[PDB]
Amino acid sequence: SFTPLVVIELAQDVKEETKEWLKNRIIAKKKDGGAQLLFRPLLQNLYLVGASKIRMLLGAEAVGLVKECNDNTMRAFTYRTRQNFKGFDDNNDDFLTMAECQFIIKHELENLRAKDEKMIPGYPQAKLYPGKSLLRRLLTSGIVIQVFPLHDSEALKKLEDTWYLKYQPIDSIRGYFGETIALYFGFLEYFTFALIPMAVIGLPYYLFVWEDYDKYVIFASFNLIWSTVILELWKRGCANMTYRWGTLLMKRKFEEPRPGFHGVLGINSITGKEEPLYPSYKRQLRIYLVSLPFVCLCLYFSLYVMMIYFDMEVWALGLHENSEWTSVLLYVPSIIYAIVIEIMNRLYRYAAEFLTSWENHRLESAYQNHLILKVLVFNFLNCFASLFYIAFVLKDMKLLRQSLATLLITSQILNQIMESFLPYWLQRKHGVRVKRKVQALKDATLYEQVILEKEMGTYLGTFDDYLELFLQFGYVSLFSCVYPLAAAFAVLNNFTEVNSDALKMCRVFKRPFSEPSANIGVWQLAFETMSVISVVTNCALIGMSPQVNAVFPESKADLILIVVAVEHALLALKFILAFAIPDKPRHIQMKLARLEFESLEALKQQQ
Amino acid sequence: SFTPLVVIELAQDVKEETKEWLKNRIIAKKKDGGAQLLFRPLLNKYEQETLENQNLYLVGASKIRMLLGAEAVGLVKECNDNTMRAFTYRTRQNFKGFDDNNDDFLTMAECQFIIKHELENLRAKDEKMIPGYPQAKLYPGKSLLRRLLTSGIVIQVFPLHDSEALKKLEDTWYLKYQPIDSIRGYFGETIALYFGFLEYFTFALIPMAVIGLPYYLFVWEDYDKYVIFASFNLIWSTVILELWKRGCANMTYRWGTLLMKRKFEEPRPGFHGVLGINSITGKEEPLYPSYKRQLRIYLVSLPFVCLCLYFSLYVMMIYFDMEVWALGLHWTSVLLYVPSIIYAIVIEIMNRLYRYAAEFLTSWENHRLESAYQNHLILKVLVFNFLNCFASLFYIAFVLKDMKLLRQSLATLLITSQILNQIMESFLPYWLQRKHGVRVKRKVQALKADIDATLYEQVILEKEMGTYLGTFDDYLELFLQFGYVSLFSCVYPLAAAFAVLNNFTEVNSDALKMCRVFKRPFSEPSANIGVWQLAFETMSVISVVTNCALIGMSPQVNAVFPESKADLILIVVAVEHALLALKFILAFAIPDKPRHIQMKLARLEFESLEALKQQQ
Ligand SMILES: CCCCCCCC/C=C/CCCCCC(=O)OC[C@H](O)CO
Ligand SMILES: CCCCCCCC/C=C/CCCCCC(=O)OC[C@H](O)CO
Ligand SMILES: CCCCCCCC/C=C\CCCCCC(=O)OC[C@H](O)CO
Ligand SMILES: CCCCCCCC/C=C\CCCCCC(=O)OC[C@H](O)CO
Ligand SMILES: [Ca+2]
Ligand SMILES: [Ca+2]
Ligand SMILES: [Ca+2]
Ligand SMILES: [Ca+2]
Ligand SMILES: [Ca+2]
Ligand SMILES: [Ca+2]
Ligand SMILES: [Ca+2]
């Protein structure tokens with residue numbers, strides 16, 4: 001037997017013909033086609049996958065893992081140059097982490113492609129063709145229910161005590177969960193600290209009720225500078241961290257395609273690998289002619305539904321004006337609309353997940369960036385369109401404050417209960433349920449660990465987690481002049497968000513597969529667009545204030561021209577400030593430059 | 001003993017001690033410090049008995065030395081497997097068109113660039129001054145060519161023209177497609193890139209010239225008709241600047257200059273610093289802290305540019321106050337032209353003074369690469385030149401709201417000003433250079449020398465010829481053209497029509513200028529139009545504000561909003577914001593490089609990583 005790292009669960013009554021065929025492709029040497037891994041049953045069609053120490057190192061070279069050398073330079077790992085890497089020893093096995101090991105096994109299983117097989121053996125309906133990903137076809141047909149990495153109980157407990165006042169152990173989170181999860185907790189810790197100045201500046205604006213032109217201009221000016229500087233400083237900080245990790249030096253563009261990518265099997269022009277080939281023009285037409293108009297239709301429908309709610313609030317007001325039964329009827333449109341939004345968010349996410357898969361993206365990073373962008377513009381509109389309507393159409397600041405107060409207090413408390421506190425309570429209960437199933441079996445230590453983690457919840461991704469902080473940044477940068485405590489409640493929620501999300505990662509969901517991320521992805525553009533919208537918002541809210549309108553009693557045209565001029569000047573200064581601040585620090589830029597120079601000198605020597 | 005390529009002219013009475021020292025650095029092997037080139041006077045000791053040397057010296061190099069110098073600068077040439085790779089003397093056989101029996105592998109322009117590069121990287125070792133001139137002090141690492149030019153010991157350094165090659169290019173240059181690859185072979189990537197952009201921009205303006213033509217002819221002054229033209233204008237602005245990026249990428253890849261990593265190149269002769277080892281390249285060159293350069297940029301240079309920009313607006317206001325005093329006075333018909341004549345003269349005094357101050361500050365900023373010095377200098381001079389040109393135009397259009405005066409202002413700029421510009425730019429300097437040329441040839445024939453003074457006459461002629469200042473003044477013409485077209489096409493519909501007409505003669509006027517006016521300019525391997533891309537893109541961003549304002553200002557739109565002028569502005573500003581977002585999305589959607597170039601650049605990026613894994 002070996003050390004079990006990844007588990008594969010097959011459907012209730014899968015044919016032996018299929019099971020043995022799957023075993024062969026996971027065991028057979030790469031020369032004969034198929035991953036050179038180890039396969040063994042749990043003893044429920046649950047199977048354990050591992051690999052040799054030498055096989056793992058060869059797999060680490062294949063994915064291109066960047067590790068620190070003895071000369072303190074970060075280089076991509078090679079089995080021939082294994083001795084030059086810092087912390088390496090042939091007597092050791094602790095060179096690659098369990099998270100790295102499980103990622104390599106996932107990568108090899110994802111790149112398992114059909115050779116001469118015209119279908120999955122035993123299942124003629126589950127057809128195959130040369131180049132088609134086996135893992136994808138197995139998951140699509142339903143022969144393979146799920147593939148997941150195993151938790152290291154002892155390691156997870158050690159991290160837990162260091163995770164949940166102090167600085168978060170981002171390097172420890174990286175070692176166990178990966179670059180993508182650690183980057184989220186890295187951004188969460190940063191954003192919480194970033195919001196602190198805005199929370200302290202905004203605090204006396206509420207306490208002493210500061211409603212002056214000069215006082216609002218000072219706060220909004222600081223807000224617009226803060227928005228740019230924090231998003232620029234994040235880029236520099238992230239560049240430092242990812243360089244230290246080695247994921248920044250990784251050339252992810254030359255990586256093998258995702259299992260969901262289909263195409264005619266051929267030779268890649270760049271890498272020279274035998275993989276599926278798909279024309280970019282076919283993907284582009286699906287993006288701009290089918291997907292883009294659909295997103296615009298859902299965005300228009302979101303505004304149409306929102307208008308129905310604001311028309312329903314009018315009918316509910318008139319009925320109360322025409323007293324026990326009417327007071328209940330006033331809450332009814334707010335309850336209906338919030339429910340319709342949840343029905344819309346779950347339906348649009350299914351349609352978005354379908355279209356991004358149908359678009360046929362080659363890399364997982366591309367699929368993620370396009371999917372995030374679709375779901376995000378929808379989630380942003382359904383959340384802020386009503387907020388913009390109350391603020392600039394209805395011009396009711398009392399209702400806007402009450403709207404933001406519900407979003408920042410009551411909604412965030414309920415979110416934490418639904419996000420981790422309730423699922424943790426229910427997972428503790430499932431812990432007993434699994435323990436009883438194993439007692440019926442009568443050494444079932446690993447058996448209990450697999451049965452528990454198999455039935456555990458699957459972590460969907462960092463989207464819902466980042467969206468919370470994106471919407472937070474939305475309320476803070478946009479309406480801080482209306483609701484000065486916006487950043488104060490954002491920091492307070494984020495103080496428990498770190499503890500709650502950590503609990504959600506450790507004791508709720510099963511171990512998620514690590515992804516070597518070098519940044520927050522398309523979220524940088526999303527957050528920067530929010531800081532651009534905040535210029536329009538802050539200039540409009542100040543221009544709308546009766547203190548400014550007192551100076552312009554008749555000439556309202558002049559006032560708007562002044563506001564628009566100031567807005568244009570600020571947008572130019574905001575661009576200049578972002579351009580002036582370099583996205584990478586000097587020392588990282590030099591370290592990246594000398595390695596770029598070395599690659600060119602290497603190419604001259606090789607040719 | 002060799003083929004002369006570059007000429008070095010020394011001051012009237014330079015000491016022999018200085019001359020022999022300069023000769024030694026230019027001849028001595030690179031191992032002992034100094035370029036391994038060949039140095040010889042214009043006239044040999046026997047020829048010097050018939051005619052004076054005038055302290056003129058010819059520089060050349062060996063065929064093998066030139067190839068080693070081509071590797072040093074990192075010239076990218078096409079291989080036998082059709083891949084573009086940087087030249088290496090060990091891998092010389094793998095490059096397409098290479099032969100040991102030949103010498104026509106590297107062009108004369110490439111050869112002269114390599115010699116210039118070696119002379120620029122000539123640095124002082126133990127010498128505490130230029131021998132014979134104690135005032136011209138030296139320190140370890142200081143560029144000799146820079147100190148020689150600063151002190152005035154070396155008057156100038158310039159490449160020699162190839163008369164026969166220039167005449168062959170002239171006949172193929174001056175309806176047809178411009179020979180950009182032929183211009184590249186003689187003048188270089190920078191000069192050919194300008195003519196490449198000129199040819200492109202002229203074709204790009206043609207749709208706008210044809211669309212705008214019936215707007216003038218039939219006097220189309222409708223809301224729908226102006227919105228259609230302005231909508232087309234804003235789409236055109238983005239698409240042409242995006243398609244240029246793609247076209248330039250194709251051209252610079254074919255040339256090989258796109259595959260050049262210019263960031264690792266040796267510093268410009270004007271760059272000073274403490275001699276040390278470079279952290280990236282490992283070369284012994286001057287080192288200067290970036291923070292010192294940054295402080296000079298944001299604390300001294302940036303406030304100065306802002307002061308000159310404020311003064312430009314202040315001087316403009318005095319002109320618009322002078323035109324009020326002239327309108328009230330109306331001998332009077334002559335007095336009306338007087339304030340316009342005064343302001344235009346003050347503009348010229350301001351543009352020549354600001355350019356001296358800008359050239360000083362960009363040199364003082366101490367930029368390491370020539371490309372950086374150029375981009376910062378262009379940016380300073382351009383914002384000033386743009387403001388003086390357009391601030392008065394914006395004032396007439398949006399403050400005075402006089403469209404009749406704006407049309408007449410644009411008509412002078414696009415017709416009379418462009419005709420006069422062509423006379424001053426090439427036609428008059430050509431006439432004056434031709435007159436001098438005939439006079440030099442007739443002077444030498446009168447001597448009847450007992451020596452062959454063919455090369456002597458060629459050097460004396462090209463030495464006294466005008467020096468080409470750079471592509472700035474040439475690109476600025478097209479930038480200002482793009483300015484009048486993208487911004488005020490709704491007011492002046494013939495803007496693009498007169499722009500194309502001028503550009504039809506501009507190609508021939510600038511070709512005559514480069515062939516028969518200025519002496520051969522040193523080639524610079526450029527991979528793009530530089531900071532001009534940002535300049536042109538900013539102009540297309542300003543055109544959204546301009547077109548939205550001019551339409552919103554029209555009485556047809558104001559007829560719909562008689563009292564609610566606040567509502568009208570809010571609609572205009574909303575439309576402007578929506579268009580600016582769509583303009584950004586369109587630019588983001590169009591990839592700056594074509595698919596085939598991106599793949600060719602990717603496989604070469606992959607090869608470099610595979611090479612680093614094999615080497616380590
Ligand atoms: C990381 C922690 C950062 C902590 C930072 C310190 C917070 C002190 C509060 C400042 C509010 C703004 C008060 C200044 C603006 C203000 O009131 O100006 C009106 C004029 O005085 C009217 O003339
Ligand atoms: C005698 C003909 C001379 C040759 C001239 C060639 C001009 C080619 C292009 C013109 C664009 C015209 C755009 C017109 C705008 C347009 O279609 O407007 C809709 C309705 O006219 C609104 O009422
Ligand atoms: C009356 C109002 C109706 C409003 C209707 C909507 C108009 C478009 C709005 C915003 C631009 C959003 C652009 C984002 C598109 C987006 O997410 O594209 C990802 C790709 O589709 C992935 O393949
Ligand atoms: C002081 C007043 C200055 C007034 C000047 C306007 C400033 C507008 C603000 C930001 C630029 C946003 C640019 C968005 C469009 C954009 O990114 O376009 C890409 C290419 O330019 C397309 O060709
Ligand atoms: Ca939460
Ligand atoms: Ca969360
Ligand atoms: Ca930046
Ligand atoms: Ca001209
Ligand atoms: Ca010109
Ligand atoms: Ca008004
Ligand atoms: Ca582009």
# chains A, B, ... in the order shown; residues from 1 in each chain; ligands from 1
$ closest_atom_pairs --of "range 438-526 of chain B" --to "range 152-174 of chain B" --cutoff "12 Å" --atoms "only C-alpha atoms" --output "Markdown table"
| residue | atom | partner | partner_atom | distance |
| --- | --- | --- | --- | --- |
| B:454 | CA | B:163 | CA | 11.8 |
| B:455 | CA | B:160 | CA | 10.1 |
| B:456 | CA | B:160 | CA | 11.8 |
| B:458 | CA | B:160 | CA | 8.4 |
| B:459 | CA | B:160 | CA | 7.6 |
| B:460 | CA | B:160 | CA | 11.0 |
| B:461 | CA | B:160 | CA | 10.5 |
| B:462 | CA | B:160 | CA | 7.5 |
| B:463 | CA | B:158 | CA | 8.0 |
| B:464 | CA | B:156 | CA | 10.5 |
| B:465 | CA | B:158 | CA | 10.6 |
| B:466 | CA | B:158 | CA | 11.1 |
| B:467 | CA | B:158 | CA | 9.0 |
| B:468 | CA | B:158 | CA | 10.7 |
| B:504 | CA | B:174 | CA | 11.6 |
| B:505 | CA | B:174 | CA | 10.3 |
| B:506 | CA | B:174 | CA | 11.4 |
| B:507 | CA | B:174 | CA | 8.6 |
| B:508 | CA | B:174 | CA | 6.0 |
| B:509 | CA | B:174 | CA | 9.4 |
| B:510 | CA | B:174 | CA | 10.4 |
| B:511 | CA | B:173 | CA | 7.3 |
| B:512 | CA | B:174 | CA | 8.2 |
| B:513 | CA | B:170 | CA | 11.4 |
| B:514 | CA | B:166 | CA | 10.0 |
| B:515 | CA | B:166 | CA | 7.0 |
| B:516 | CA | B:166 | CA | 9.5 |
| B:518 | CA | B:161 | CA | 10.3 |
| B:519 | CA | B:161 | CA | 7.3 |
| B:520 | CA | B:161 | CA | 5.7 |
| B:521 | CA | B:159 | CA | 6.8 |
| B:522 | CA | B:159 | CA | 6.4 |
| B:523 | CA | B:159 | CA | 9.3 |
$ interface_residues --of "chain A" --to "chain B" --cutoff "9 Å" --atoms "only C-alpha atoms" --output "PDB file with C-alpha atoms, in the first residue's frame"
ATOM      1  CA  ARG A  75      13.745  28.766 -10.725  1.00  0.00           C
ATOM      2  CA  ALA A  76      11.364  26.122 -12.174  1.00  0.00           C
ATOM      3  CA  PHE A  77      12.025  22.613 -10.754  1.00  0.00           C
ATOM      4  CA  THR A  78      13.839  19.929 -12.843  1.00  0.00           C
ATOM      5  CA  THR A  81      18.836  19.961 -11.229  1.00  0.00           C
ATOM      6  CA  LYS A 251       4.542  31.007 -17.144  1.00  0.00           C
ATOM      7  CA  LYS A 253       0.141  30.524 -20.535  1.00  0.00           C
ATOM      8  CA  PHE A 254       2.136  27.422 -21.735  1.00  0.00           C
ATOM      9  CA  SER A 269       2.435  25.230 -32.443  1.00  0.00           C
ATOM     10  CA  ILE A 270       4.032  26.758 -29.280  1.00  0.00           C
ATOM     11  CA  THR A 271       4.631  23.845 -26.780  1.00  0.00           C
ATOM     12  CA  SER A 555     -28.438  78.684 -12.704  1.00  0.00           C
ATOM     13  CA  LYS A 556     -28.676  74.876 -12.211  1.00  0.00           C
ATOM     14  CA  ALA A 557     -27.000  74.381 -15.630  1.00  0.00           C
ATOM     15  CA  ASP A 558     -23.838  76.219 -14.386  1.00  0.00           C
ATOM     16  CA  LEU A 559     -23.669  74.090 -11.192  1.00  0.00           C
ATOM     17  CA  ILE A 560     -23.781  70.795 -13.231  1.00  0.00           C
ATOM     18  CA  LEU A 561     -21.062  72.158 -15.606  1.00  0.00           C
ATOM     19  CA  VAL A 564     -18.844  67.655 -14.374  1.00  0.00           C
ATOM     20  CA  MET A 590      15.133  43.857 -10.967  1.00  0.00           C
ATOM     21  CA  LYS A 591      14.827  40.157  -9.878  1.00  0.00           C
ATOM     22  CA  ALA A 593      14.705  41.486 -15.174  1.00  0.00           C
ATOM     23  CA  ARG A 594      17.941  39.520 -14.389  1.00  0.00           C
ATOM     24  CA  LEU A 595      16.002  36.249 -14.881  1.00  0.00           C
ATOM     25  CA  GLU A 596      14.577  37.609 -18.210  1.00  0.00           C
ATOM     26  CA  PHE A 597      18.180  38.463 -19.289  1.00  0.00           C
ATOM     27  CA  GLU A 598      19.411  34.967 -18.214  1.00  0.00           C
ATOM     28  CA  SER A 599      16.748  33.272 -20.441  1.00  0.00           C
ATOM     29  CA  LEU A 600      17.973  35.266 -23.505  1.00  0.00           C
ATOM     30  CA  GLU A 601      21.663  34.452 -22.755  1.00  0.00           C
ATOM     31  CA  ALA A 602      20.587  30.767 -22.372  1.00  0.00           C
ATOM     32  CA  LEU A 603      18.836  30.835 -25.823  1.00  0.00           C
ATOM     33  CA  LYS A 604      22.026  32.291 -27.435  1.00  0.00           C
ATOM     34  CA  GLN A 605      24.164  29.490 -25.852  1.00  0.00           C
ATOM     35  CA  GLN A 606      21.645  26.729 -26.847  1.00  0.00           C
ATOM     36  CA  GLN A 607      21.291  27.890 -30.520  1.00  0.00           C
TER      37      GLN A 607
END
$ residues_around --residues "residue 303 in chain A" --least-positions-apart "5" --cutoff "9 Å" --atoms "only C-alpha atoms" --output "PDB file with C-alpha atoms, in the first residue's frame"
ATOM      1  CA  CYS A 298     -30.449  39.690 -18.123  1.00  0.00           C
ATOM      2  CA  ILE A 308     -41.677  46.582 -10.622  1.00  0.00           C
ATOM      3  CA  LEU A 381     -26.530  45.527 -10.791  1.00  0.00           C
ATOM      4  CA  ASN A 382     -29.144  43.658  -8.638  1.00  0.00           C
ATOM      5  CA  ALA A 385     -29.363  49.500  -9.139  1.00  0.00           C
ATOM      6  CA  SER A 386     -31.950  49.926  -6.305  1.00  0.00           C
TER       7      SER A 386
END
$ residues_around --residues "residue 306 in chain A" --least-positions-apart "6" --cutoff "12 Å" --atoms "only C-alpha atoms" --output "PDB file with N, CA, C and O atoms, in the first residue's frame"
ATOM      1  N   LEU A 299     -29.335  41.836 -17.738  1.00  0.00           N
ATOM      2  CA  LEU A 299     -29.041  43.119 -17.101  1.00  0.00           C
ATOM      3  C   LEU A 299     -30.224  44.077 -17.288  1.00  0.00           C
ATOM      4  O   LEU A 299     -30.559  44.809 -16.356  1.00  0.00           O
ATOM      5  N   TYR A 300     -30.882  44.034 -18.472  1.00  0.00           N
ATOM      6  CA  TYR A 300     -32.071  44.839 -18.773  1.00  0.00           C
ATOM      7  C   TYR A 300     -33.269  44.319 -17.971  1.00  0.00           C
ATOM      8  O   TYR A 300     -34.057  45.120 -17.463  1.00  0.00           O
ATOM      9  N   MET A 312     -44.307  48.632  -6.813  1.00  0.00           N
ATOM     10  CA  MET A 312     -44.997  47.847  -5.787  1.00  0.00           C
ATOM     11  C   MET A 312     -44.969  48.585  -4.445  1.00  0.00           C
ATOM     12  O   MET A 312     -45.932  48.496  -3.681  1.00  0.00           O
ATOM     13  N   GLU A 313     -43.870  49.325  -4.171  1.00  0.00           N
ATOM     14  CA  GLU A 313     -43.690  50.128  -2.956  1.00  0.00           C
ATOM     15  C   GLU A 313     -44.648  51.323  -2.963  1.00  0.00           C
ATOM     16  O   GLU A 313     -45.039  51.800  -1.896  1.00  0.00           O
ATOM     17  N   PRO A 333     -43.550  43.927  -0.320  1.00  0.00           N
ATOM     18  CA  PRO A 333     -42.797  44.085  -1.588  1.00  0.00           C
ATOM     19  C   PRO A 333     -41.281  43.911  -1.433  1.00  0.00           C
ATOM     20  O   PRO A 333     -40.639  43.389  -2.346  1.00  0.00           O
ATOM     21  N   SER A 334     -40.719  44.323  -0.278  1.00  0.00           N
ATOM     22  CA  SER A 334     -39.292  44.198   0.032  1.00  0.00           C
ATOM     23  C   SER A 334     -38.903  42.727   0.199  1.00  0.00           C
ATOM     24  O   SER A 334     -37.791  42.347  -0.169  1.00  0.00           O
ATOM     25  N   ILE A 336     -40.730  40.075  -1.264  1.00  0.00           N
ATOM     26  CA  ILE A 336     -40.945  39.487  -2.594  1.00  0.00           C
ATOM     27  C   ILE A 336     -39.728  39.747  -3.505  1.00  0.00           C
ATOM     28  O   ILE A 336     -39.193  38.789  -4.063  1.00  0.00           O
ATOM     29  N   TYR A 337     -39.294  41.022  -3.635  1.00  0.00           N
ATOM     30  CA  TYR A 337     -38.174  41.430  -4.490  1.00  0.00           C
ATOM     31  C   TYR A 337     -36.869  40.721  -4.106  1.00  0.00           C
ATOM     32  O   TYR A 337     -36.187  40.217  -4.998  1.00  0.00           O
ATOM     33  N   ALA A 338     -36.550  40.644  -2.794  1.00  0.00           N
ATOM     34  CA  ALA A 338     -35.343  39.985  -2.278  1.00  0.00           C
ATOM     35  C   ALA A 338     -35.336  38.479  -2.592  1.00  0.00           C
ATOM     36  O   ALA A 338     -34.269  37.913  -2.833  1.00  0.00           O
ATOM     37  N   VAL A 340     -37.115  37.106  -5.281  1.00  0.00           N
ATOM     38  CA  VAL A 340     -37.004  37.092  -6.747  1.00  0.00           C
ATOM     39  C   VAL A 340     -35.517  37.238  -7.153  1.00  0.00           C
ATOM     40  O   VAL A 340     -35.078  36.529  -8.061  1.00  0.00           O
ATOM     41  N   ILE A 341     -34.744  38.106  -6.450  1.00  0.00           N
ATOM     42  CA  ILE A 341     -33.305  38.325  -6.682  1.00  0.00           C
ATOM     43  C   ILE A 341     -32.538  37.002  -6.468  1.00  0.00           C
ATOM     44  O   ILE A 341     -31.690  36.670  -7.291  1.00  0.00           O
ATOM     45  N   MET A 344     -33.328  34.707  -9.305  1.00  0.00           N
ATOM     46  CA  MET A 344     -32.610  35.238 -10.463  1.00  0.00           C
ATOM     47  C   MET A 344     -31.119  34.935 -10.396  1.00  0.00           C
ATOM     48  O   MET A 344     -30.542  34.586 -11.422  1.00  0.00           O
ATOM     49  N   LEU A 381     -25.337  44.805 -10.352  1.00  0.00           N
ATOM     50  CA  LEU A 381     -26.530  45.527 -10.791  1.00  0.00           C
ATOM     51  C   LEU A 381     -27.723  45.273  -9.866  1.00  0.00           C
ATOM     52  O   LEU A 381     -28.343  46.238  -9.441  1.00  0.00           O
ATOM     53  N   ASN A 382     -28.022  44.004  -9.524  1.00  0.00           N
ATOM     54  CA  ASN A 382     -29.144  43.658  -8.638  1.00  0.00           C
ATOM     55  C   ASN A 382     -28.987  44.239  -7.229  1.00  0.00           C
ATOM     56  O   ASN A 382     -29.991  44.492  -6.558  1.00  0.00           O
ATOM     57  N   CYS A 383     -27.735  44.458  -6.794  1.00  0.00           N
ATOM     58  CA  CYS A 383     -27.420  44.995  -5.478  1.00  0.00           C
ATOM     59  C   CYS A 383     -27.394  46.532  -5.469  1.00  0.00           C
ATOM     60  O   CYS A 383     -27.899  47.126  -4.515  1.00  0.00           O
ATOM     61  N   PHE A 384     -26.799  47.170  -6.501  1.00  0.00           N
ATOM     62  CA  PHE A 384     -26.621  48.618  -6.526  1.00  0.00           C
ATOM     63  C   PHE A 384     -27.661  49.401  -7.343  1.00  0.00           C
ATOM     64  O   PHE A 384     -27.846  50.574  -7.036  1.00  0.00           O
ATOM     65  N   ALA A 385     -28.348  48.793  -8.332  1.00  0.00           N
ATOM     66  CA  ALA A 385     -29.363  49.500  -9.139  1.00  0.00           C
ATOM     67  C   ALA A 385     -30.450  50.132  -8.268  1.00  0.00           C
ATOM     68  O   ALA A 385     -30.823  51.277  -8.524  1.00  0.00           O
ATOM     69  N   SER A 386     -30.937  49.408  -7.233  1.00  0.00           N
ATOM     70  CA  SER A 386     -31.950  49.926  -6.305  1.00  0.00           C
ATOM     71  C   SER A 386     -31.357  51.063  -5.468  1.00  0.00           C
ATOM     72  O   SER A 386     -32.017  52.088  -5.281  1.00  0.00           O
ATOM     73  N   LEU A 387     -30.088  50.898  -5.021  1.00  0.00           N
ATOM     74  CA  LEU A 387     -29.329  51.868  -4.224  1.00  0.00           C
ATOM     75  C   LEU A 387     -29.104  53.165  -5.006  1.00  0.00           C
ATOM     76  O   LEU A 387     -29.245  54.244  -4.437  1.00  0.00           O
ATOM     77  N   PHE A 388     -28.802  53.059  -6.310  1.00  0.00           N
ATOM     78  CA  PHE A 388     -28.629  54.203  -7.204  1.00  0.00           C
ATOM     79  C   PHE A 388     -29.981  54.895  -7.457  1.00  0.00           C
ATOM     80  O   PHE A 388     -30.024  56.122  -7.546  1.00  0.00           O
ATOM     81  N   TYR A 389     -31.082  54.102  -7.557  1.00  0.00           N
ATOM     82  CA  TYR A 389     -32.446  54.587  -7.805  1.00  0.00           C
ATOM     83  C   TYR A 389     -32.959  55.432  -6.640  1.00  0.00           C
ATOM     84  O   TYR A 389     -33.603  56.455  -6.866  1.00  0.00           O
ATOM     85  N   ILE A 390     -32.707  54.986  -5.403  1.00  0.00           N
ATOM     86  CA  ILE A 390     -33.119  55.687  -4.185  1.00  0.00           C
ATOM     87  C   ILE A 390     -32.315  56.994  -4.059  1.00  0.00           C
ATOM     88  O   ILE A 390     -32.891  58.041  -3.758  1.00  0.00           O
TER      89      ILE A 390
END
$ closest_residue --among "B:327, B:37, B:346, B:500" --to "residue 210 in chain B" --atoms "only C-alpha atoms"
B:500
$ residues_near_ligand --ligand "ligand 3" --cutoff "9 Å" --atoms "only C-alpha atoms and all ligand atoms" --output "PyMOL selection string"
(chain A and resi 283-284+286-288+290-304+352+355-356+359+367+369-378) or (chain B and resi 581-582+585)
$ residues_around --residues "range 501-504 of chain A" --least-positions-apart "3" --cutoff "9 Å" --atoms "only C-alpha atoms" --output "PyMOL selection string"
chain A and resi 160+163-164+185+416+419-421+423-424+465+496-498+507-509
$ residues_around --residues "residue 584 in chain B" --least-positions-apart "4" --cutoff "10 Å" --atoms "only C-alpha atoms" --output "PyMOL selection string"
chain B and resi 238+541+579-580+588-589
$ residues_near_ligand --ligand "ligand 11" --cutoff "12 Å" --atoms "only C-alpha atoms and all ligand atoms" --output "VMD selection string"
chain B and resid 238 to 246 533 537 583 to 594
$ residues_around --residues "residue 329 in chain A" --least-positions-apart "6" --cutoff "9 Å" --atoms "only C-alpha atoms" --output "list in words"
residues 316, 319 and 320 of chain A
$ write_last_selection --atoms "N, CA and C atoms" --output "compact mmCIF listing (two decimals), in the first residue's frame"
# COMPACT_ATOMS: atom_id res chain seq x y z
N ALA A 316 -48.15 49.78 -2.20
CA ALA A 316 -48.15 49.42 -0.77
C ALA A 316 -48.30 50.67 0.12
N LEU A 319 -52.11 51.90 -0.12
CA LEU A 319 -52.97 50.99 0.64
C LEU A 319 -52.91 51.30 2.14
N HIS A 320 -51.72 51.70 2.65
CA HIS A 320 -51.51 52.06 4.06
C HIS A 320 -52.16 53.42 4.35
$ select_by_dssp --residues "range 348-394 of chain A" --states "alpha helix (DSSP H)" --output "PyMOL selection string"
chain A and resi 348-358+364-388
$ atom_distance --atom1 "CA of residue 187 in chain A" --atom2 "CA of residue 234 in chain A"
7.8 Å
$ closest_residue --among "A:200, A:520, A:118, A:208" --to "residue 242 in chain A" --atoms "only C-alpha atoms"
A:520
$ closest_residue --among "B:351, B:271, B:451, B:120" --to "residue 373 in chain B" --atoms "only C-alpha atoms"
B:271
$ closest_residue --among "A:42, A:96, A:114, A:62" --to "residue 255 in chain A" --atoms "only C-alpha atoms"
A:62
$ residues_near_ligand --ligand "ligand 9" --cutoff "12 Å" --atoms "only C-alpha atoms and all ligand atoms" --output "number ranges by chain"
B: 191, 194-195, 197-199, 418-419, 421-427, 468, 470-481, 502-514
$ residues_near_ligand --ligand "ligand 1" --cutoff "6 Å" --atoms "only C-alpha atoms and all ligand atoms" --output "compact mmCIF listing (two decimals) with C-alpha atoms, in the first residue's frame"
# COMPACT_ATOMS: atom_id res chain seq x y z
CA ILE A 196 -9.35 51.23 8.85
CA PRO A 197 -8.40 54.89 7.81
CA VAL A 200 -11.65 56.33 11.62
CA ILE A 201 -12.15 59.40 9.27
CA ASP A 214 -15.99 71.74 3.01
CA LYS A 215 -16.25 68.72 5.40
CA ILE A 218 -12.43 66.74 2.33
